[PDB]
Amino acid sequence: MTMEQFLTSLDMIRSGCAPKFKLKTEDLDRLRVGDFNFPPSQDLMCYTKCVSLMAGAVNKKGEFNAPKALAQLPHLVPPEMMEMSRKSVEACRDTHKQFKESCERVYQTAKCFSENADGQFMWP
């Protein structure tokens, strides 16, 4: 995909997930720019799970599948963002193991993605 297609995909991904949850716009604005530095509601955590399920990167237990994530990346992110993403996948592959609940596992993994990102990070 191209950068242009990627940026637009963020909104299409969000539309598939956001209506299932009770979410604040200001929260979603902050995740969109990769700012995970605020306490999340359980709804927002489960939102990150719905998004990550859509990518095929986690199972329903919130377990992060790094081999599958890497195999999917060519279809998830533009070439410009590939290296950053692969670096975040590697650095955060075992984040989920410190948590028990599926929404928590995924949210903390996405937060880790955002904190390890060596460039601009964008969440749907």
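Swiss-Prot numbering applies to chain A: residues 30-153, in that order.
Using N, Cα and C of the backbone, Cβ positions are placed for all residues, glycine too.
Less than 8 angstroms from the CB of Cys79 (disulfide bond) sit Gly45, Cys46, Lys49, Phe50, each of them six or more residues away in the same chain. Residues annotated as disulfide bond in Swiss-Prot: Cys46-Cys79 (among others).
Here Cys132 (disulfide bond) comes close to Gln71, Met74, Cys75, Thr77, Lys78, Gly91: these same-chain residues lie at least six apart in sequence, with C-beta atoms under 8 angstroms from its C-beta. Under the DSSP three-state reduction, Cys132 (disulfide bond) is assigned to helix. Summarising the annotation, Swiss-Prot assigns disulfide bond to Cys75-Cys132 (among others) and lists similarity to another entry as the type of evidence.
Annotation source Swiss-Prot lists disulfide bond at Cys121-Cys141 (among others). Secondary structure at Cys121 (disulfide bond), as computed by DSSP, is helix. Sequence-distant contacts of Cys121 (disulfide bond), defined as residues of its own chain at least six apart whose C-beta falls under 8 angstroms from its C-beta, comprise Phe93, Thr138, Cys141, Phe142, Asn145.
Every protein chain shown contributes to the tally, and the Cβ of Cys75 (disulfide bond) ends up with 22 other Cβ atoms within 10 Å. DSSP assigns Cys141 (disulfide bond) to a helical segment in the three-state reduction.
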